[PDB]
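Student:
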Amino acid sequence: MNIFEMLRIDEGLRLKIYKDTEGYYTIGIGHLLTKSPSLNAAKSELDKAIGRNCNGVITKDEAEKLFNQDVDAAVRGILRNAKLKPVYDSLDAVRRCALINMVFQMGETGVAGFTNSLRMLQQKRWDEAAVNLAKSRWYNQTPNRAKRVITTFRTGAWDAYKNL
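Here the sequence shown is numbered in the authors' numbering, starting from 1 and rising by one per residue.
Given below as structure tokens:
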């Protein structure tokens, strides 16, 4: 298991413009297009992102291209972030993937807001951090995914994703 496989279990693959759990316009492997309510604004963002006239629909290939960019940017954003970098550096390879997953779903900013849990993960207090992470909008809104990520931080192994 690796970051790509993990995220693709959590996000899925859809070749047609669709709405987020949040109601937002997305395509591919969780690539958010716009937070705007117009299908039209989304279509335009889509064509700008791919470099063609897509008419709301992309190929597998195009989806995976978007996915590679998104992953790269998530990692780079962590490395560039003063609050995230030190936690990332402190973690083992598997746990690193759990932080990358949160960033991908919620953005640098959103994760950098989990101050207390970041602190606990740095200290390697795994059980405490897992209880703290659960007390969030994130967990309440997408509990099955949050719980997979959470077990990943708790255990340091890929078991939550074995089932799936």
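Don't be surprised by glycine CBs; every beta carbon is placed ideally from N, CA and C.
1. Which of helix, strand or coil does DSSP assign to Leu32?
2. Assuming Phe153 contacts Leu121 under a Cβ cut-off of 8 Å, what Cβ separation, rounded to an integer in Å, is found between them?
3. Return the Cβ separation of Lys35 and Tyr24 in integer angstroms, given the expectation that the two are a contact with Cβ distance under 8 Å.
4. Taking the continuous beta strand (DSSP E) assigned at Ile58, which residues delimit it?
5. Can you have a look at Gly12 and say buried or exposed, based on whether 16 or more other CB atoms are within 10 angstroms of its CB?
6. Since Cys54 and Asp47 should fall inside the 8 Å C-beta cutoff, what is the C-beta to C-beta distance between them, to a whole number of angstroms?
7. Assign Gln141 to buried or exposed, taking buried as 16 or more other Cβ atoms, counted over all protein chains shown, within 10 Å of its Cβ.
8. What is the DSSP secondary structure of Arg52, reduced to helix, strand or coil?
9. Opposite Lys65 in the DSSP bridges: which residues?
10. Rounded to whole angstroms, what is the Cα-Cα separation between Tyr139 and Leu7?
11. When every heavy atom of the ligand HEM is checked, does at least one fall within less than 7 Å of the C-beta of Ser36?
12. Taking DSSP as the reference, what is the three-state secondary structure of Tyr161?
13. Could you compute how far the alpha carbon of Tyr18 sits from the alpha carbon of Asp70?
14. Quick check on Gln123: buried or exposed, where buried means 16 or more other Cβ atoms within 10 Å of its Cβ?
Tutor: On the basis of the data shown:
1. Translated into positions along the sequence shown, residue 32 becomes position 32. DSSP places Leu32 within a strand segment (E or B) once states are collapsed to three.
2. Taking the sequence shown and counting its residues from 1, the one referred to as residue 153 is at position 153. Taking the sequence shown and counting its residues from 1, the one referred to as residue 121 is at position 121. About 6 Å separates the two Cβ atoms, so the contact holds.
3. Along the sequence shown, one-based indexing puts residue 35 at 35. Along the sequence shown, one-based indexing puts residue 24 at 24. Contact flag correct, Cβ pair sits at about 5 Å.
4. Sequence index remark: in the sequence shown, residue 58 carries index 58 (1-based). That residue, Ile58, is in no beta strand (DSSP E); it is neither H nor E in DSSP.
5. For this step, residue 12 is matched to residue 12 along the sequence shown. Sixteen is the threshold: since fewer than 16 other Cβ atoms of the shown chains lie within 10 Å of the Cβ of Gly12, the residue is exposed.
6. Position 54 of the sequence shown, counting from 1, holds the residue named residue 54. Position 47 of the sequence shown, counting from 1, holds the residue named residue 47. Your pair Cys54 and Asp47 checks out as a contact, with CB atoms roughly 5 Å apart and the cut at 8 Å.
7. Within the sequence shown, the letter at position 141 stands for residue 141. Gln141 counts as exposed, since fewer than 16 other C-beta atoms from the protein chains shown sit within 10 angstroms of its C-beta.
8. Numbered from 1 along the sequence shown, position 52 holds the residue referred to as residue 52. In the three-state reduction of the DSSP assignment, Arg52 falls in the coil class.
9. The residue given as residue 65 occupies position 65 in the sequence shown. Note: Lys65 sits in no beta bridge, so no partner.
10. Residue numbering aside, residue 139 sits at position 139 when the sequence shown is read from its first letter. Residue numbering aside, residue 7 sits at position 7 when the sequence shown is read from its first letter. Straight-line Cα distance between these residues: approximately 17 Å.
11. Although the ligand HEM was asked about, the structure shown includes no ligands whatsoever.
12. The residue labelled residue 161 in the question sits at position 161 within the sequence shown. Here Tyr161 sits in helix by DSSP.
13. In the sequence shown, counting from the first residue as 1, residue 18 sits at position 18. In the sequence shown, counting from the first residue as 1, residue 70 sits at position 70. Taking the straight line joining both Cα atoms gives about 18 Å.
14. Counting from 1 along the sequence shown, the entry for residue 123 is found at position 123. The C-beta of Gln123 has fewer than 16 other C-beta atoms within 10 Å across all chains shown, which makes the residue exposed.
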